[PDB]
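These notes concern the structure reproduced below.
FYI, side chains are in, hydrogens and waters are out, and symmetry mates aren't considered; it's all heavy atoms of this structure. FYI, the numbering just counts along the sequence from 1. In each ligand, atom 1 is the first atom listed, and ligand 1 is the first ligand listed.
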Amino acid sequence: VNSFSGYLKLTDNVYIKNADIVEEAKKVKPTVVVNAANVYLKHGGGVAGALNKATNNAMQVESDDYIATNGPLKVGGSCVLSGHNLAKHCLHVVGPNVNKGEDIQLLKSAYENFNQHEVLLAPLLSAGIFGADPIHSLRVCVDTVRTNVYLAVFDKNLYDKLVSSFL
Ligand SMILES: CC(C)OCCn1c(=S)[nH]c(=O)c2[nH]ccc21
């Protein structure tokens, strides 16, 4: 048993809820929250800007030191950093950004990072401002992630679109 509440069960291991990922992290304090990161860990908008804002910019300060030491992530890659006040850890995962022209086939590689963690609170990757189709992102998630994933999909309209169409 875990602390996640109000989720619809899609599969053996994938759950979904109409909830903002920041408010969910603050309530649950999960072991792992996933950030929808870019390769530079520049948290400006979407999930990254909201999580960083909720950490009072401590996520960005930590991320800038990570990049200064290690250089940029790969598209499809990840790193584990602090979860600050939101979670034990933040798994920063880079899905392909369609609005920058990246290979959508890299979305499966992105989701494979989740399999290194037994339980995660996560957005969809590559949807919203990243330019891909969220229905596709949910299908790749279900067909790639084997660990237990709780998908916090921001508002009613995106929640309603994903559930009704789910195969
Ligand atoms: C940044 C990209 C991946 O956004 C996807 C949509 N998204 C989702 S799925 N859950 C949230 O909680 C959330 N907050 C802001 C955006 C957002």
Side-chain angles (χ1 to χ4, degrees), residues 3-11 13-26 28-30 32-55 57 59-60 63 73-79 81 83-87 89-114 119-145 148-166:
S3 156
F4 288 107
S5 178
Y7 287 72
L8 175 70
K9 180 172 182 59
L10 294 176
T11 69
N13 65 296
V14 178
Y15 294 79
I16 190 168
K17 182 184 187 191
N18 162 10
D20 177 339
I21 195 173
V22 173
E23 287 312 313
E24 195 74 2
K26 280 201 280 196
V28 175
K29 288 289 236 91
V32 181
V33 65
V34 172
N35 182 33
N38 60 51
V39 295
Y40 305 110
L41 302 179
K42 285 172 53 90
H43 314 311
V47 173
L51 289 175
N52 178 57
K53 177 177 178 190
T55 76
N57 210 53
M59 178 180 284
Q60 190 65 67
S63 292
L73 300 177
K74 299 168 177 180
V75 180
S78 72
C79 68
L81 291 173
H84 300 278
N85 54 316
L86 302 178
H89 304 288
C90 179
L91 180 70
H92 292 273
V93 180
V94 185
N97 190 325
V98 178
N99 303 320
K100 302 180 174 165
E102 298 167 352
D103 173 18
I104 195 58
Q105 300 305 133
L106 288 169
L107 186 54
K108 187 170 183 76
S109 301
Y111 274 117
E112 287 171 341
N113 297 286
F114 290 24
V119 183
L120 314 87
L121 170 62
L124 278 187
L125 297 178
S126 298
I129 69 174
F130 277 67
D133 175 6
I135 294 169
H136 176 65
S137 181
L138 179 55
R139 182 29 64 189
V140 178
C141 180
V142 157
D143 291 346
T144 307
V145 179
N148 294 322
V149 57
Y150 287 86
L151 294 170
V153 308
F154 190 59
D155 63 17
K156 232 181 157 35
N157 285 344
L158 186 46
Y159 182 86
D160 297 338
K161 163 118 195 144
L162 297 168
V163 168
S164 289
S165 60
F166 182 71

* State, with a plain yes or no, whether a side-chain heavy atom of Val34 is found less than 4.5 Å away from one of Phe114. => yes
* Structure fact -> re atom 9 (S) of ligand 1, the protein heavy-atom contact at minimum distance is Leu124 N, 3.4 Å
* Asked: Just checking, any donor-acceptor pair under 3.5 angstrom between side chains of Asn57 and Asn52?
  -> yes
* Asked: If you measure every N/O of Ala152 against every N/O of ligand 1, is any gap under 3.5 Å?
  -> yes
* Asked: Can you tell me how far CG of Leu125 sits from OG of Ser137, rounded to the nearest 0.5 angstrom?
  -> 5.5 Å
* To do: Mind listing the closest non-hydrogen atom pair of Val32 and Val119 along with its distance?
  => CB-O, 3.9 Å
* Asked: Can the ring centres of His84 and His89 be said to be less than 6.0 Å apart?
  -> no
* Structure fact -> Closest to atom 1 (C) of ligand 1 among protein heavy atoms sits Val47 N, 3.5 Å
* To do: Please write down residue, atom name and distance for the protein heavy atom closest to atom 2 (C) of ligand 1.
  => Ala127 O, 3.7 Å
* Does an N or O anywhere in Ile21 fall below 3.5 Å from an N or O of ligand 1? -> yes
* Structure fact -> atom 6 (C) of ligand 1 has as its nearest protein heavy atom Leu158 CD2, 4.5 Å
* Asked: Considering only the protein, which heavy-atom contact is closest to atom 14 (N) of ligand 1, and what is its distance?
  -> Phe154 CD1, 3.5 Å
* **Proximal candidate to atom 15 (C) of ligand 1 [heavy atom criterion; set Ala19, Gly45, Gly46, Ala36]** => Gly46
* List in chain and number order the residues that pass side-chain hydrogen bond (donor to acceptor under 3.5 Å, both in side chains) with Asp160, two or more places apart in sequence or in another chain; answer none if no residue qualifies. => none
